[PDB]
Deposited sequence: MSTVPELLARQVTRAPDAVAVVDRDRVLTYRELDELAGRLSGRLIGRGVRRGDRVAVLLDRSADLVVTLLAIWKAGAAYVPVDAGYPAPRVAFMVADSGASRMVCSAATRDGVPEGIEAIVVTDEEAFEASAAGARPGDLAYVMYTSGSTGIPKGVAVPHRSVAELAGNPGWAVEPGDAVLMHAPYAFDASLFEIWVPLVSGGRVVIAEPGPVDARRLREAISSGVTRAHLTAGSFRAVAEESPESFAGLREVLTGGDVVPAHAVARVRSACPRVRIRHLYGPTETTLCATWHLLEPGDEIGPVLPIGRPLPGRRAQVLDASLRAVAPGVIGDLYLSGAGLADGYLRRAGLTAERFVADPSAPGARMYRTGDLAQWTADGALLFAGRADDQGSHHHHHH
């Protein structure tokens, strides 16, 4: 599948449902589809062809969502560049990814590197169509590397039934689109019929979260750092959410327990996974009313994914034994752009699935007796 294919199902089912809320600008599903189609036509007319990489340098906004979908409709892959990156980093990402064009705004126009065609988004509809085996994006992740992710992997993530996002949900969007969390913030609600609520400029703090919840936001992801801070300082600020999500850096069980005792009814979801396997490969969900206990698991593989904990001989270890964690099944990136050797040493053959690959996380983990995973630190 592709995220555009899943999105088209929602546009057909409820074209006049709200898709994107940006301050006072509101886009319905049909309006978003039509705007992206027009921008796709512009991209095709400027010479974008299937498989091209198009850099994006924009502030979060409805125009950002339109732009990403338009690049996809043109058959191309987006290269997300955060407007706050230094110019040498931006130049590297554009050149290493092979992007010859960059979509920007009046405000960001000055950040387009020399020799790169600037497409100012504020300036006929035609679409080539996204395909599952084509690249969807290149996300950079201490030398920067480009992770090349196909449409099929993005759709496996965004359309996963475990997200449990419904048409009435409103998801707060504030993560950098350069980052993986953006996939949940933007594509999960849109393939589910819900809406994306673009956060006001600046970092989301406890007060802004409370205001977003009062305005109708039902789900929000916070980085581990921001979640720990709010959990310890103002855990009642999560009240009214259907679900809060967090992951990345370490989240201590104590932080989750603080939220549960302040907010008995909020679902708390811990996410784990690298950019190489599309946002998250395992997760742990704390249901309303349940208490976390002394350790926060990284949890169980998402539906459609698999995890293995192997020893130095590549044999599966028994529960309670720490070994090397490998991630497989759905959601793997194609590899590292322009770096086949590096790809071949980290996306390796999977002994448990014929012809398949598994991603070597470089993390250590152990299983519990009933099949959850506990983090046991990075191997280095």
Inset, instruction - Just jot down which stretches of the deposited chain sequence have no CA coordinates, in the order they come. - result: 1, 125-128, 147-150, 390-399
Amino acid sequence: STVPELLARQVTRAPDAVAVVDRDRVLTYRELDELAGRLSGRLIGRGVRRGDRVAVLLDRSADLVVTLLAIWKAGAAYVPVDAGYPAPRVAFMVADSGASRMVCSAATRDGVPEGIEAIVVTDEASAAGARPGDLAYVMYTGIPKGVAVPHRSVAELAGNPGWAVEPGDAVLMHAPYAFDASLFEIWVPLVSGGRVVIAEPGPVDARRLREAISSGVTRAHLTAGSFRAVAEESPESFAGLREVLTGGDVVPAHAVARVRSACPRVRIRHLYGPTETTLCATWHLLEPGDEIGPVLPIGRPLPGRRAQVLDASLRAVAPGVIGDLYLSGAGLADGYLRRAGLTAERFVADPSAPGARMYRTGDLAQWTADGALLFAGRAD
From here on, numbers count along this sequence of modelled residues.
Legend entry - Mean temperature factor over C-alpha atoms, higher-scoring stretch between 74-82 and 102-110: 102-110
Inset, instruction - Decide which of the stretches 214-222 and 183-191 has the higher mean C-alpha B-factor, going by the entry. - result: 214-222
Inset, instruction - From the list 65, 348, 27, 312, select the residue with the highest C-alpha B factor recorded in the entry. - result: 312
Inset, instruction - Tell me, please, which of 329, 341, 355, 323 has the highest C-alpha B factor according to the deposited entry? - result: 355
Inset, instruction - Just say lowest, middle or highest third for the CA B-factor of residue 269 relative to the other modelled residues in its chain. - result: lowest
Legend entry - Chain-wide C-alpha B factor ranking for residue 59, given as lowest, middle or highest third: highest
Inset, instruction - Name the third of the chain's ranked CA B-factors that contains residue 291, choosing lowest, middle or highest. - result: highest
Legend entry - Within-chain third of residue 161 by Cα B-factor, per the entry: middle
Inset, instruction - Comparing against every modelled residue in the chain, figure out the third that the C-alpha B-factor of residue 48 lands in (lowest, middle or highest). - result: highest
